[PDB]
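Asks: Just so it is clear, I am handing over coords.cif, which has mmCIF, N, CA and C atoms.
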data_work
#
loop_
_atom_site.label_atom_id
_atom_site.label_comp_id
_atom_site.auth_asym_id
_atom_site.auth_seq_id
_atom_site.Cartn_x
_atom_site.Cartn_y
_atom_site.Cartn_z
N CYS P 1 1.68 4.80 9.17
CA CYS P 1 2.04 5.96 8.31
C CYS P 1 3.40 5.73 7.65
N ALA P 2 3.36 5.22 6.46
CA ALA P 2 4.59 4.94 5.67
C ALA P 2 4.40 5.69 4.35
N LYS P 3 5.44 5.73 3.56
CA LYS P 3 5.37 6.43 2.25
C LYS P 3 5.69 5.43 1.13
N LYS P 4 5.09 5.72 0.00
CA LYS P 4 5.26 4.89 -1.22
C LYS P 4 6.77 4.77 -1.48
N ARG P 5 7.28 3.56 -1.50
CA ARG P 5 8.73 3.19 -1.73
C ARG P 5 9.05 2.10 -0.70
N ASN P 6 8.67 2.31 0.53
CA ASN P 6 8.94 1.27 1.59
C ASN P 6 7.56 0.70 1.62
N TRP P 7 7.48 -0.60 1.55
CA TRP P 7 6.12 -1.16 1.57
C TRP P 7 5.60 -1.41 2.96
N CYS P 8 4.38 -1.83 2.93
CA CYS P 8 3.61 -2.16 4.16
C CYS P 8 3.32 -3.65 4.26
N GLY P 9 3.36 -4.33 3.15
CA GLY P 9 3.09 -5.80 3.15
C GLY P 9 1.58 -5.89 2.92
N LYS P 10 0.91 -5.25 3.83
CA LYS P 10 -0.57 -5.17 3.86
C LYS P 10 -0.93 -3.74 4.19
N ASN P 11 -2.15 -3.41 3.90
CA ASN P 11 -2.64 -2.03 4.17
C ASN P 11 -2.87 -1.75 5.67
N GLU P 12 -1.92 -2.11 6.49
CA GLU P 12 -2.09 -1.85 7.95
C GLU P 12 -1.31 -0.62 8.38
N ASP P 13 -0.07 -0.47 7.99
CA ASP P 13 0.70 0.75 8.42
C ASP P 13 1.14 1.74 7.32
N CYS P 14 0.19 2.43 6.74
CA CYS P 14 0.53 3.43 5.67
C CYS P 14 0.03 4.79 6.11
N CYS P 15 0.53 5.80 5.44
CA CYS P 15 0.13 7.20 5.76
C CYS P 15 -0.83 7.51 4.62
N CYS P 16 -2.07 7.18 4.89
CA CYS P 16 -3.18 7.38 3.92
C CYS P 16 -3.18 8.67 3.07
N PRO P 17 -3.84 8.59 1.94
CA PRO P 17 -4.63 7.45 1.42
C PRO P 17 -3.84 6.56 0.45
N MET P 18 -3.33 5.51 1.03
CA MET P 18 -2.52 4.50 0.31
C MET P 18 -3.00 3.16 0.81
N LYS P 19 -2.88 2.21 -0.06
CA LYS P 19 -3.31 0.82 0.31
C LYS P 19 -2.05 -0.03 0.01
N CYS P 20 -1.85 -1.19 0.59
CA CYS P 20 -0.61 -1.89 0.19
C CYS P 20 -0.97 -2.58 -1.13
N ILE P 21 0.01 -2.66 -1.98
CA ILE P 21 -0.12 -3.26 -3.33
C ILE P 21 0.61 -4.51 -3.56
N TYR P 22 0.19 -5.13 -4.63
CA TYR P 22 0.76 -6.43 -5.05
C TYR P 22 1.18 -6.51 -6.52
N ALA P 23 1.93 -7.54 -6.76
CA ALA P 23 2.47 -7.85 -8.12
C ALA P 23 2.09 -9.31 -8.41
N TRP P 24 3.00 -10.24 -8.24
CA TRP P 24 2.67 -11.68 -8.51
C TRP P 24 3.11 -12.62 -7.36
N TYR P 25 4.37 -12.56 -7.01
CA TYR P 25 4.95 -13.40 -5.92
C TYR P 25 4.13 -13.45 -4.62
N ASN P 26 3.51 -12.34 -4.28
CA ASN P 26 2.67 -12.22 -3.03
C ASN P 26 3.54 -12.37 -1.77
N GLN P 27 2.91 -12.36 -0.62
CA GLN P 27 3.56 -12.49 0.75
C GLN P 27 3.71 -11.08 1.31
N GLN P 28 4.18 -10.23 0.44
CA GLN P 28 4.39 -8.80 0.78
C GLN P 28 3.61 -7.93 -0.20
N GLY P 29 3.69 -6.64 0.00
CA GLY P 29 2.97 -5.68 -0.88
C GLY P 29 3.71 -4.34 -1.00
N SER P 30 3.04 -3.28 -1.38
CA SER P 30 3.70 -1.92 -1.51
C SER P 30 2.79 -0.76 -1.13
N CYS P 31 3.24 0.26 -0.44
CA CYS P 31 2.26 1.34 -0.11
C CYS P 31 2.06 2.10 -1.43
N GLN P 32 0.86 2.05 -1.97
CA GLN P 32 0.57 2.76 -3.25
C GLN P 32 -0.72 3.52 -3.11
N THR P 33 -0.74 4.65 -3.76
CA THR P 33 -1.96 5.48 -3.67
C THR P 33 -3.04 4.97 -4.60
N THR P 34 -3.47 3.76 -4.39
CA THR P 34 -4.53 3.30 -5.32
C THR P 34 -5.52 2.38 -4.69
N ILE P 35 -6.46 2.01 -5.53
CA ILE P 35 -7.62 1.10 -5.28
C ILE P 35 -8.60 1.99 -4.49
N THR P 36 -8.07 2.48 -3.41
CA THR P 36 -8.79 3.38 -2.46
C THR P 36 -7.83 4.47 -2.03
N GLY P 37 -6.64 4.50 -2.57
CA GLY P 37 -5.69 5.57 -2.14
C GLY P 37 -5.93 6.88 -2.85
N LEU P 38 -7.16 7.28 -2.79
CA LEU P 38 -7.56 8.55 -3.44
C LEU P 38 -8.84 9.02 -2.77
N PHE P 39 -9.86 8.19 -2.81
CA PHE P 39 -11.15 8.60 -2.18
C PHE P 39 -11.32 8.01 -0.77
N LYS P 40 -10.22 7.68 -0.15
CA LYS P 40 -10.25 7.11 1.23
C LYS P 40 -9.74 8.29 2.04
N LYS P 41 -10.55 9.32 1.99
CA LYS P 41 -10.26 10.59 2.71
C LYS P 41 -9.75 10.27 4.10
N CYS P 42 -8.61 10.77 4.47
CA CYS P 42 -8.06 10.49 5.81
C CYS P 42 -7.79 11.90 6.36
#
Can you present the structure in this file as C-alpha cells?
Replies:
Amino acid sequence: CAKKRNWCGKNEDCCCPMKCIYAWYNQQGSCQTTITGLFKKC
C-alpha cells in the first residue's frame, strides 16, 4: 500500500488500484493508477 509519487518498482506493494509504471531506463517503476489501476477493484 503505497501512493502515487513514491514508486513501487514493481506492482507488488501499492495501495490499489495502482500498478507500478515505467518510462525507458527500467529497473524501477512508479505507483500509477493505470493499465489496471481503475478496474482492478480492490
Asks: Determine, counting all atoms listed in the file, which protein, DNA and RNA residues have an atom within 7 Å of an atom of residue 4 of chain P; residues of the same chain fewer than 6 positions away are not included. Present the result as a CSV table (one decimal) with N, CA and C atoms, in the coordinates of the input.
Replies:
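Now in around_37.csv:
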chain,number,residue,atom,x,y,z
P,30,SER,N,3.0,-3.3,-1.4
P,30,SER,CA,3.7,-1.9,-1.5
P,30,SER,C,2.8,-0.8,-1.1
P,31,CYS,N,3.2,0.3,-0.4
P,31,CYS,CA,2.3,1.3,-0.1
P,31,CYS,C,2.1,2.1,-1.4
P,32,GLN,N,0.9,2.0,-2.0
P,32,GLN,CA,0.6,2.8,-3.2
P,32,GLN,C,-0.7,3.5,-3.1
P,33,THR,N,-0.7,4.6,-3.8
P,33,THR,CA,-2.0,5.5,-3.7
P,33,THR,C,-3.0,5.0,-4.6
Asks: One decimal, in Å: what's the spacing between atom C of residue 15 of chain P and atom C of residue 40 of chain P?
Replies: 9.3 Å
Asks: I would like the residues chosen by the PyMOL selection byres (((chain P and resi 17 and name CA) around 9) and name CA) on the shown file; could you give them as a list in words?
Replies: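 For this structure, the PyMOL selection byres (((chain P and resi 17 and name CA) around 9) and name CA) captures residues 14, 15, 16, 18, 19, 32, 33, 34, 36, 37, 38, 39, 40, 41 and 42 of chain P.
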Asks: Just the number, please: distance in Å from atom CA of residue 23 of chain P to atom CA of residue 2 of chain P, one decimal.
Replies: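 It comes out at 18.9 Å.
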Asks: Got a sec to tell me which of chain P DSSP assigns to strand (DSSP E or B), as JSON, numbers by chain?
Replies: {"P": [19, 20, 21, 30, 31, 32]}
Asks: Which value, in Å to one decimal, gives the distance between atom C of residue 6 of chain P and atom N of residue 28 of chain P?
Replies: 11.5 Å
